[PDB]
Amino acid sequence: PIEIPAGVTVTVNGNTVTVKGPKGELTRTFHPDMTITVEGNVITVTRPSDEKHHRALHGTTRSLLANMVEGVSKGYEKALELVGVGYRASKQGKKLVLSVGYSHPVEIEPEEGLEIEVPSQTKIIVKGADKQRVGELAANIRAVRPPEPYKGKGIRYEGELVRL
Amino acid sequence: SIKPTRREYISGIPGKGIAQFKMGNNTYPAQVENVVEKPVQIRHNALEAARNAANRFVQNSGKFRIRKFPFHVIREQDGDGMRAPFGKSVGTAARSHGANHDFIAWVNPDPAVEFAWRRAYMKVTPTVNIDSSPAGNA
Amino acid sequence: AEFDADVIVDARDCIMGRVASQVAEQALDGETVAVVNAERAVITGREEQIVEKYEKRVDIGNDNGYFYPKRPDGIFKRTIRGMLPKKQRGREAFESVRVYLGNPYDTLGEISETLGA
Amino acid sequence: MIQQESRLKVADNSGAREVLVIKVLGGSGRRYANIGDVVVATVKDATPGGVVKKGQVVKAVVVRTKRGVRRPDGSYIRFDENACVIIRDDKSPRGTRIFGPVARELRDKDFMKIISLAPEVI
Amino acid sequence: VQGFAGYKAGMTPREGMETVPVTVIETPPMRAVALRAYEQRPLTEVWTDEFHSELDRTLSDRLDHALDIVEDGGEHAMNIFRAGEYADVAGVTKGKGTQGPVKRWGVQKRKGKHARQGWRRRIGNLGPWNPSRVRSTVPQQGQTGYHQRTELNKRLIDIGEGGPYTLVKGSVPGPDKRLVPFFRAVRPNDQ
Amino acid sequence: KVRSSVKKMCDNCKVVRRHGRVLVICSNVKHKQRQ
RNA sequence: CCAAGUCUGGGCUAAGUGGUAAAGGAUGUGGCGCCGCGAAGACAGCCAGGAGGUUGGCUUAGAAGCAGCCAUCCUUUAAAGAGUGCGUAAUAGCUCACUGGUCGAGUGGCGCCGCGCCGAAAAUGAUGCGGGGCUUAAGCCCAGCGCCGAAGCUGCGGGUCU
RNA sequence: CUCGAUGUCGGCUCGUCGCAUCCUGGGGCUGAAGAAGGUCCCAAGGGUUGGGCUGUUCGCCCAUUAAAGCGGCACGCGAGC
RNA sequence: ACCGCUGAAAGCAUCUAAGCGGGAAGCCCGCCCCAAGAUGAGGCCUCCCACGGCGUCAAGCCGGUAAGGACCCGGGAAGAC
């Protein structure tokens, strides 16, 4: 039960939903094992089960959709924290070049779609087009570089804490 | 149901050795209690014990009453080996006739004693049934 | 390659059961059934434990050996062949049936592949 | 070469004479004490109680073995004898002094200490 | 023919800087017979006679560059194998024959007090009571001397022509001089 | 840890189902409940 | 595989349970009763104070809910927390057990069940009997329906003793 | 079942399974900083040493080691000692 | 095992049924060693051409084709034969 604001070109074929937009050019999938919902100016949930089970099944799609959108129009953003009294980073090459001891930093690449940013060496973060494909990779590096909370330092999901 | 040789020739006329009945406190209505369904020469000892540990965790008002008590017993290894077996006693109790009035957690509003007994069941052995009495438990 | 047109059939979706069942049925009587489809095929949901059982055909290796095919092709091998015995006819009855992947002549593609497909 | 209870003299003065070979030092399996190598044996007999004394739990190394040592220089070297030197956990000799020559070896596996004390290292 | 190969020269070491023993190997270009491809259908080996004079007494790089020498007319000089390299060779065991479970297969024999007793060579046992008859496990006097032996990390040091021949890093060609040697540097690790 | 017999620590430690499995969860290394 | 309905009817399974196991657990799932309310516009999100005499007794060197043994009351007022809770040296912050705006139509609770998942580790190699089977797959429960199949019983005809 | 007969302790050799795993990797836990330990879940690949004294296994002792594993199969093996 | 992302049913959370990834001396592959007698006898190249007379679906009896092979001899780290 939602919307499809400005530009959300929507094509639901075979079970795939093709969503074209601004900086959100995206083609996602969407179950045939249920009921689609679209009307050119809105859209929503289809009851191919109405029953608790599948109920949620779409009770998820809903979001799913919600994603396509917000994703297709205003892309996503993951806020990362560079907390290292030694570690540090600042883009380099078509990827990131973080560092945190060891000896060989590392170059990481946001394959077509994903795209990282070095607002300022210390902190960084990613802006993709699919919260999905984002949060993941976004993290897949947030760890990539041990956050070890033994006493404070390392890659950490924005809004963390400490320890003892 | 093999039972013993007689109430005064083999082994009959004892105190069975245990820790008496009543505890907790009164209570006119509130029916708080415990019973079973299992059949078993209720393991004396195990028995005696159990119930007790019950008081161990509570203390005062909650009919820590308990309507059980063994009074007969088994026997086995003593003498030659395995053949013509005489008899050496040990371990009396009482048949928990496939369920029945166990002990009672009886009192007005004092579940602080229901949980208790509860702790009392946990223990025990043969599963046990958690229950209430005429009215329930308040 | 090309052959007769005697037992002209295929597969896909259906129930990887009675499926073969008759296959033979006519596998018996005295007929040749050359079809195909493998992948398309079908069989019990519970994929998972689905791909297990036949991986039980997978590494079921007994010194004395115990291959256990690794392409749809088989799956049907076993099974079917299962329907029959092992004295003459039966046997032969196993050469008389034949299937294949995509298409040579005018959930049933995962366990295999899975364990070999 | 040189294990179980093969015996070998001293060349240093630690206060020894000869020593039985318990274990070949290094790690599990291993079956051999070849100069440079380090042995886990004891006194078969030692002077009149210099500082060591007969039958003393010990640690010594390899420097003289008629087993013949093939020098990476496709060369060959051996001796009329088989014995070595004691040591202080810290691959460090005791004998204040040396005796019969020895072989580059040592150096290669640490010990100079003797390397030079030695009258002659072959 | 996908590879490169010839026979055993022999062994000897000598020189270097520390010194090192290898082995000699004979083989110019033993011509080029067709080439591996399963195109349009089943393709593998042809034969447009162009061989020796006797032979009718019996009448994608590796293989690729081949095309280079196998179309030249036939032959194909050996030696990319250059200065400091790791091919691999597959000799032919050695008519050693049928021997006792002794050398055939490592094993301790007749001990002392009975390590002689006109006693000796002969395995210890087979299978227990309940288990079941036998295993295809314990080898047996499994003849030897004929195996299609070979190995790995086969480093070649140098080569020269006067007669196309190769010098090797540690021999162990398996089979004997005048023997059938084939080399390669397969999934090298020293790479 | 306790594999067998898990039951709610911290006044939160949750009840989750992984692989039908039931493994305790709650904001504490001192709860890593699992069976 | 081997003869005979991939019968029909209406439930229940989403683990291959069926194809061995107990104490012991848990908003699994499906069917039955209870306490409170949604126009004193209800449980879970969110705004806020997150009340004062409560800082009482053993031990105090520290109970002063957030060491533990006993209390469990009063209040001026929007009501209240015998302050279940993470802590530290006791004190010192948050958290509902309290409700306004923003929604708005079903939300939390125990008894009764029928089906089901953890505990449940083994020695040659693997197992429903085998191939196999997930709303006639098929299992399991309750309903009607017709076919199989003994040398048993009818038809055929002979045997034989009382 | 076997007395019209299945030759029994330990050793030797040749081993083969198994996992409740001793060494070994992977993990979560800790009253874990490091390091090293403890706790428990997943994995058997490979591997798990010389002597001593004892008929012994077991076992104590000596020097190692990552380790110096528990147990099957008539506590495997006498038509093999 | 073990760790995460995206998110239902529980309008708040959840590695989760469905969607996508992380992660082991371990499985599969890969590295050597056979090996179609795997009766599904596999591929391919390079040779050899229709001989005789007899009743038959004579797919049966003879010269053959050094295509070709063999046997016998002489020899081999090939080897009991």
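Protein chains in written order, with the authors' numbering: chain BH, 7 to 170; chain BQ, 9 to 12, 15 to 36, 41 to 76, 82 to 157; chain BN, 4 to 88, 90 to 110, 131 to 141; chain BO, 1 to 122; chain BE, 38 to 49, 61 to 87, 93 to 112, 171 to 190, 192 to 274, 291 to 312, 314 to 320; chain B9, 2 to 36. Ideal Cβ positions, reconstructed from N, Cα and C, are used throughout, including at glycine.
Compute the Euclidean distance between the alpha carbons of residue i and residue j, then round it to the nearest angstrom.
i               : j               : result
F36 (chain BH)  : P153 (chain BH) : 36 Å
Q127 (chain BH) : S96 (chain BH)  : 4 Å
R312 (chain BE) : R247 (chain BE) : 37 Å
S75 (chain BQ)  : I123 (chain BQ) : 11 Å
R93 (chain BN)  : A23 (chain BN)  : 17 Å
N156 (chain BQ) : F90 (chain BQ)  : 32 Å
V132 (chain BQ) : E95 (chain BQ)  : 40 Å
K101 (chain BH) : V150 (chain BH) : 15 Å
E31 (chain BH)  : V78 (chain BH)  : 6 Å
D90 (chain BO)  : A60 (chain BO)  : 11 Å
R94 (chain BE)  : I83 (chain BN)  : 31 Å
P292 (chain BE) : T65 (chain BO)  : 45 Å
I85 (chain BQ)  : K32 (chain BQ)  : 6 Å
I42 (chain BH)  : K133 (chain BH) : 29 Å
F193 (chain BE) : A314 (chain BE) : 9 Å
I135 (chain BN) : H110 (chain BH) : 42 Å
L86 (chain BH)  : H20 (chain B9)  : 32 Å
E45 (chain BH)  : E57 (chain BH)  : 24 Å
If you follow the alpha helix (DSSP H) that residue i is part of, which residue opens it and which one closes it?
i               : result
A144 (chain BH) : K137 to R148
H176 (chain BE) : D172 to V181
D76 (chain BN)  : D76 to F79
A135 (chain BQ) : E133 to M141
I149 (chain BQ) : That residue, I149 (chain BQ), is in no alpha helix (DSSP H); its beta strand (DSSP E) goes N148 to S151.
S115 (chain BQ) : Run containing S115 (chain BQ): none; DSSP gives neither H nor E here.
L108 (chain BE) : Note, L108 (chain BE): premise wrong, no alpha helix (DSSP H); not H, not E.
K26 (chain BH)  : Per DSSP, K26 (chain BH) belongs to no alpha helix (DSSP H); it is in the beta strand (DSSP E), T22 to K26.
Considering only DSSP beta bridges, list what residue i is partnered with.
i               : result
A37 (chain BN)  : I11 (chain BN) and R102 (chain BN)
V132 (chain BH) : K84 (chain BH) and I122 (chain BH)
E113 (chain BH) : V103 (chain BH)
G68 (chain BN)  : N65 (chain BN)
With respect to the beta strand (DSSP E) encompassing residue i, which residues constitute its N-terminal and C-terminal limits?
i               : result
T33 (chain BH)  : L32 to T35
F122 (chain BQ) : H120 to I123
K56 (chain BN)  : Looking at the DSSP string, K56 (chain BN) is not in any beta strand (DSSP E); the run it does join, the alpha helix (DSSP H), is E50 to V61.
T17 (chain BH)  : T15 to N19
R86 (chain BQ)  : Premise fails: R86 (chain BQ) is in no beta strand (DSSP E) and is neither H nor E.
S75 (chain BO)  : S75 to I77
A46 (chain BO)  : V38 to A46
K266 (chain BE) : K266 to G272
Query raised in the report: Three or more beta-carbon pairs under 8 Å between the region 99-108 of chain BE and the region 247-263 of chain BE, yes or no?
Result: They do not touch, by the three-pair rule.
Query raised in the report: Within the chosen definition, does the region 8-23 of chain BO reach the region 41-49 of chain BO through at least 3 CB pairs nearer than 8 Å?
Result: Verdict: yes, contact present.
Query raised in the report: Per the contact definition of three or more C-beta pairs closer than 8 Å, is the region 134-154 of chain BQ in contact with the region 53-68 of chain BQ?
Result: Contact between the region 53-68 of chain BQ and the region 134-154 of chain BQ is present, because at least three Cβ pairs lie under 8 Å.
Requested in this report: Identify each residue in the region 65-80 of chain BE for which the Cβ-Cβ distance to at least one residue of chain BO is less than 9 Å, and report them in chain order.
Outcome: Within the region 65-80 of chain BE, the residues whose Cβ lies closer than 9 Å to some Cβ of chain BO are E66, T67, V68 and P69, listed in chain order.
Query raised in the report: Would the region 114-124 of chain BH and the region 65-73 of chain BH be scored as touching if the rule is three or more Cβ pairs under 8 Å?
Result: Too few Cβ pairs lie closer than 8 Å, so no.
Requested in this report: Please confirm if the region 242-251 of chain BE is in contact with the region 301-308 of chain BE, defined as three or more CB-CB distances below 8 Å between the two stretches.
Outcome: In the pairwise beta carbon analysis, the region 242-251 of chain BE is classified as not touching the region 301-308 of chain BE: fewer than three pairs are separated by under 8 Å.
Report task. Would you be able to state if there are at least three C-beta pairs under 8 Å between the region 46-58 of chain BO and the region 71-84 of chain BO? Result -> Note that the region 71-84 of chain BO does not touch the region 46-58 of chain BO; fewer than 3 beta-carbon pairs, one per stretch, sit closer than 8 Å.
Report task. Please name the residues in the region 73-94 of chain BO whose beta-carbon is closer than 7 Å to at least one beta-carbon of chain BE, in chain order. Result -> Cβ contacts with chain BE come from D73 and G74.
Query raised in the report: If we count Cβ pairs, one from each stretch, closer than 8 Å, do we get three or more for the region 42-52 of chain BQ versus the region 114-123 of chain BQ?
Result: Output reads yes: the region 114-123 of chain BQ touches the region 42-52 of chain BQ.
**Report entry** Sufficient close CB pairs (3 or more, under 8 Å) joining the region 249-256 of chain BE to the region 205-218 of chain BE
**Finding:** Using a Cβ-Cβ distance cut-off of 8 Å, the region 249-256 of chain BE and the region 205-218 of chain BE are in contact, since at least three pairs of beta carbons, one from each stretch, lie closer than that value.
Query - Contact between the region 136-144 of chain BH and the region 79-98 of chain BH (3+ Cβ pairs under 8 Å) - result: Contact between the region 136-144 of chain BH and the region 79-98 of chain BH is present, because at least three Cβ pairs lie under 8 Å.
Query raised in the report: Contact between the region 109-121 of chain BO and the region 294-305 of chain BE: three or more CB pairs below 8 Å?
Result: The region 109-121 of chain BO vs the region 294-305 of chain BE: no contact.
Report task. Kindly confirm or deny that the region 141-148 of chain BH and the region 161-168 of chain BH touch, where touching means at least three C-beta pairs closer than 8 Å. Result -> Touching, per the Cβ criterion.
Query raised in the report: Contact between the region 26-43 of chain BN and the region 97-105 of chain BN: three or more CB pairs below 8 Å?
Result: The region 26-43 of chain BN is in contact with the region 97-105 of chain BN.
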